[PDB]
Amino acid sequence: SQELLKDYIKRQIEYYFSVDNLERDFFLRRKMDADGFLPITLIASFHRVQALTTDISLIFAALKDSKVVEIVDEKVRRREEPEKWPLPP
RNA sequence: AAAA
């Protein structure tokens, strides 16, 4: 049903938090807090996520079992060494 | 928003 849409959401967000993307993604990194977190609502505004859903609860559901990204409350970060990535605001 |  929505299983395919959730897979697309998960994979897209896992790409944003990949090392390959992060190395050059200064916008994403300058929006991180000191722990590497971004609000999920910021990620939801990225155009490829908007190209899938505007349902925030579905995004949370899609990411619940991700090994690449860590969800903490309303926030998301790369699970591995998130502190490598923040940039000054 | 050259997959912020």
Side-chain angles (χ1 to χ4, degrees), chain A residues 2-63 65-66 68-89:
Chain A
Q2 289 205 122
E3 216 53 25
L4 182 49
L5 163 60
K6 281 207 289 243
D7 180 67
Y8 286 134
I9 294 163
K10 183 167 64 173
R11 289 156 83 189
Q12 182 62 67
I13 294 173
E14 287 179 341
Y15 176 76
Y16 297 145
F17 290 95
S18 70
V19 170
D20 173 62
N21 180 63
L22 285 165
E23 186 82 9
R24 56 223 64 161
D25 197 343
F26 293 172
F27 174 84
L28 184 64
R29 290 161 62 187
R30 78 177 173 81
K31 289 294 182 303
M32 281 146 189
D33 72 23
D35 312 310
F37 286 112
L38 297 140
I40 284 158
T41 54
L42 172 72
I43 302 297
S45 78
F46 292 4
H47 294 167
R48 286 228 180 142
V49 182
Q50 279 182 342
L52 291 167
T53 188
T54 58
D55 183 342
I56 296 299
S57 74
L58 186 60
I59 297 170
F60 276 98
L63 290 178
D65 296 307
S66 177
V68 180
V69 301
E70 190 182 9
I71 305 284
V72 173
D73 294 339
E74 290 314 281
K75 305 175 300 192
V76 59
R77 61 177 184 187
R78 180 170 173 81
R79 198 178 290 274
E80 174 205 3
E81 203 180 5
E83 69 263 35
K84 176 170 172 180
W85 299 109
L87 287 173

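All values below come from the heavy atoms of this structure, side chains included, with hydrogens, waters and symmetry mates left out. By convention in this document, chain letters (A, B, ...) are assigned in the order of the sequence lines, proteins followed by strands, and residues within each chain are numbered from 1.
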> How about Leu22(A) and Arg78(A): do any of their side-chain heavy atoms sit closer than 4.5 Å?
Replying inline: yes
>> Any non-hydrogen side-chain atom of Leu52(A) less than 4.5 Å from a side-chain atom of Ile59(A)?
In response: no
> Do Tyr16(A) and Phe27(A) share a hydrophobic cluster (ILVMFWY, side-chain heavy atoms under 4.5 Å, transitive)?
Replying inline: yes
> Looking only at heavy atoms, what is the nearest atom pair of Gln12(A) and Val49(A), with distance?
Replying inline: CG-CG2, 4.5 Å
> Heavy-atom distance under 4.5 Å between the side chains of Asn21(A) and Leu28(A), does that happen here?
Replying inline: yes
> When you look at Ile43(A) and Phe17(A), which way does the side chain to side chain contact (heavy atoms under 4.5 Å, CB included) test go after all the steps?
Replying inline: CA-CA 10 Å; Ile43(A) 302 297; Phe17(A) 290 95; 4.0 Å; yes
>> I'd like to know if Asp25(A) and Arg29(A) make a salt bridge, using a cut-off of under 4.0 Å between side-chain N and carboxylate O.
In response: no
> If we only count heavy atoms from C-beta on, is the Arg77(A) to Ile71(A) side-chain gap below 4.5 Å?
Replying inline: no
> Would a hydrophobic clustering, with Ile, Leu, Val, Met, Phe, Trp and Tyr connected at side-chain separations under 4.5 Å, put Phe26(A) with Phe46(A)?
Replying inline: no
> Once you round to the nearest 0.5 Å, how far does CH2 of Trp85(A) lie from CD of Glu23(A)?
Replying inline: 5.0 Å
> How about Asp55(A) and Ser57(A): does a side-chain donor come under 3.5 Å of a side-chain acceptor?
Replying inline: yes
>> I'd like to check the side chain to side chain contact (heavy atoms under 4.5 Å, CB included) partners of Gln50(A); sequence neighbours left out, ordered by chain and number.
In response: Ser45(A), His47(A)
Donor-acceptor pairs are to be reported for all side-chain atoms of residues 30-42 of chain A against protein atoms at under 3.5 Å, with residues two or more places apart or in another chain.
| residue | atom | partner | partner atom | Å |
| --- | --- | --- | --- | --- |
| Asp33(A) | OD1 | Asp35(A) | N | 3.0 |
| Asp33(A) | OD1 | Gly36(A) | N | 3.3 |
| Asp33(A) | OD1 | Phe37(A) | N | 3.0 |

>> Holding to side chain to side chain contact (heavy atoms under 4.5 Å, CB included), I want the full list of residues that pass it with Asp20(A), two or more places apart in sequence or in another chain.
In response: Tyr15(A), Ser18(A), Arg24(A)
>> With a 4.5 Å cut-off on side-chain heavy-atom distances among I, L, V, M, F, W and Y, is there a chain of contacts connecting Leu58(A) to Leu4(A)?
In response: yes
>> Using a strict threshold of under 4.0 Å (side-chain N to carboxylate O), is an ion pair present between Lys6(A) and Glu3(A)?
In response: yes
> Taking the side chain from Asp73(A) and the backbone from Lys75(A), do they hold a donor-acceptor pair closer than 3.5 Å?
Replying inline: no
>> Would a single hydrophobic cluster contain both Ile56(A) and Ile9(A), if residues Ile, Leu, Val, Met, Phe, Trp and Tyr are joined by side-chain heavy-atom contacts under 4.5 Å?
In response: yes
